[PDB]
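Take 3 as the starting number for the sequence shown in the authors' numbering and just add one per residue.
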Amino acid sequence: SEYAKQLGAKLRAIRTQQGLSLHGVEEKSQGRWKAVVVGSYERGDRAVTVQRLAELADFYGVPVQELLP
Numbered sequence: 003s004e005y006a007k008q009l010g011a012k013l014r015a016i017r018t019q020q021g022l023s024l025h026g027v028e029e030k031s032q033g034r035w036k037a038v039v040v041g042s043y044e045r046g047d048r049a050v051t052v053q054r055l056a057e058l059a060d061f062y063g064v065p066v067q068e069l070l071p
């Protein structure tokens, strides 16, 4: 729970850092990443899979390790 919490704190830190809001992600990604889904990752309310995390890190353009708590 705490881990999920802190993981989502970084998922948010990277997203906002490149100036994108949650709606921004859904739009730029042509709908592959739904704001709803990404938000729930950022609040630790929904658990991302390691696979899925790997793709996000790619979409954002950062080393996937960096998103780990």
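We put the beta carbon where it would ideally sit given N, CA and C, even for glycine.
* Asked: For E28 versus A37, is the C-beta distance shorter than 7 Å?
  -> Walking along the sequence shown from the start, residue 28 turns up at place 26. Walking along the sequence shown from the start, residue 37 turns up at place 35. Yes, Cβ-Cβ distance for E28 and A37 is below 7 Å.
* Asked: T18: which of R34, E4 and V40 sits nearest, CA to CA?
  -> On the sequence shown, residue 18 is found 16 positions in, with the first residue counted as 1. Minimum Cα distance to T18 is reached at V40.
* Chain-order list of residues whose beta-carbon lies under 6 Å from that of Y5 (same chain, five-residue window excluded) -> For this step, residue 5 is matched to residue 3 along the sequence shown. Taken in chain order, the residues that qualify are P71.
* Asked: So what does DSSP say about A56, is it helix, strand or coil?
  -> Mapped onto the sequence shown, residue 56 falls at position 54. Here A56 sits in helix by DSSP.
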